[PDB]
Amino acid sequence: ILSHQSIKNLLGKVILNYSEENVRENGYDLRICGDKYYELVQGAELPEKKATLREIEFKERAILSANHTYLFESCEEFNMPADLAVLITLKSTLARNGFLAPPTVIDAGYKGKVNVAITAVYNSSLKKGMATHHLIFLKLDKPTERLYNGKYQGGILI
């Protein structure tokens, strides 16, 4: 895992549209932004049918309904090198305040902002621009021979 100082050196290179204060003890606090956020309104039938989304204008705050999953675009944009990966964890502030998120990863070679899924256990809200996730940077044992080039490259929503 990369320390605070090691992450600080990633600013402006691996982590774009960053905030200096968001570099913590041993991770980076990802913020939610974007012109819109999405509410899943109908279940998915994977892999052929994706969940149905409701597009919502992201003004100042995102209003969430209990038992619904929401997709948010990160403020930060990534340009992952061939020797780094990131484990996306949830900030304990969101965890202890009734929000759920599964652990997911940003792969080496990935480029673009990320889209994170937050599920609300209660009717609640999150302020646009606030920090929601805690990124843990993992170093690969060797530069990967397979960089990311999947369907989400560039920050594709879903």
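The first residue of the sequence shown is number 1, and the count goes up from there.
- Per the PDB record, of the two stretches 122 to 130 and 58 to 66, 58 to 66 carries the greater mean B-factor over its C-alpha atoms.
- Per-stretch averaging of Cα B factors for 26 to 34 and 98 to 106 places 26 to 34 on top.
- The entry lists a Cα temperature factor for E77 that places it in the middle third of the chain's modelled residues.
- When the modelled residues of the chain are ordered by C-alpha B-factor, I136 sits in the middle third.
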